[PDB]
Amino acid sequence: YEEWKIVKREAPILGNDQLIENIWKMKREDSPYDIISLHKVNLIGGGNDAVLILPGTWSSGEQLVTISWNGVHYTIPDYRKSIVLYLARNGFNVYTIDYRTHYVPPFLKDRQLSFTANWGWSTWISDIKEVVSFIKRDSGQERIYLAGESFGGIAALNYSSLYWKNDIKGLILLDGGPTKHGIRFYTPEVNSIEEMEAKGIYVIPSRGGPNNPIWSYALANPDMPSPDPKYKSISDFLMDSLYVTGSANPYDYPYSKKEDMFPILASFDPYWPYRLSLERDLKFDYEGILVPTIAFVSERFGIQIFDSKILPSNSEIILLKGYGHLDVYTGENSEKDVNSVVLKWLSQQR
């Protein structure tokens, strides 16, 4: 349990052979599935500094680097469309974490998932801490840049509220952070910890991931019939389902593409613990965080949901006009609107 063990050493990234990946794994407690992992990406010959990116719900560090799940590949990553690869190409040591969710078998159900009952904030925060400690030694930085996507932005802020003084020198929120008072991709099956155990429902399933091969089928066969007869094709149905949820804008700028969206949905982890959301009770102190911050907010999703008032005083807020949630993370226009802007912001800190 104690140590990080190397599992992939100096491995070139598919479609990006100037970039290399290292992966380490750490056993945690107390079930066989309590494992975390850490990915590092840098240019051949080395990168500098340290940026850690926290994935969002059902996401993983693996997804953030190779748009894959357990080595199952759905596409070839484009560094222009990937914050991790883009920052690594531009000279940074970039790291990203596989949460414990990345080790859950997709076929488990109901009470077989009871080992996730205490996958709450102290667990997640402890796992992020182990990664940060490793990064400091690996990169040589006393403090790091911490980025977060969606849920990962809340995680970044929560982590920072506890450890910013010794660990964090800059925050990058990519459509993620505390949401507004009572802000209403699932309808909750449980509403408390007691109900979770009473009903034996410990996780929220993804509508993508290994248990939903529809996305991958539809990328290869986009003109097949729609399961919902309102639409002319399966791809039409799936892309419009993303539109309706504020996840994509297929119809106007930034012109979300199935080639970008379907691989993301396909490569998610199957399950996410209820415990994190059921600990809405826990108060984190965001008042003292004196860290330079850049926050990106999608017009079609984030502005409606995310609360700007609770962020550090520094914060530069970038509104992404036309964007759905997932457009923040992929697509050819994300290079101009997100990735290059994060790089420029980082250059202003140095």
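So that there is no doubt, residue numbering starts at 1 and follows the sequence shown.
- Relative to its counterpart among 225-233 and 174-182, 174-182 has the higher mean temperature factor, C-alpha atoms as listed in the PDB entry.
- As recorded in the PDB entry, 274-282 is the stretch of 274-282 and 83-91 with the greater mean C-alpha temperature factor.
- Highest C-alpha temperature factor among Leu52, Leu311, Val41, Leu320 per the entry: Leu311.
- For the set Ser267, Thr187, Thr123, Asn249, the PDB entry assigns the largest Cα B-factor to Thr187.
- In this PDB entry, the Cα temperature factor of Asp260 sits in the middle third of its chain's modelled residues.
- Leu64: CA B factor in the lowest third of modelled residues in this chain (values from the PDB entry).
- Among all modelled residues in this chain, the alpha-carbon of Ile305 has a temperature factor (C-alpha) in the highest third.
- Placement of the Cα temperature factor of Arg100 within the chain: lowest third of the modelled residues, per the deposited record.
- Among the modelled residues of its chain, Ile36 has a C-alpha B-factor that falls in the lowest third according to the deposited record.
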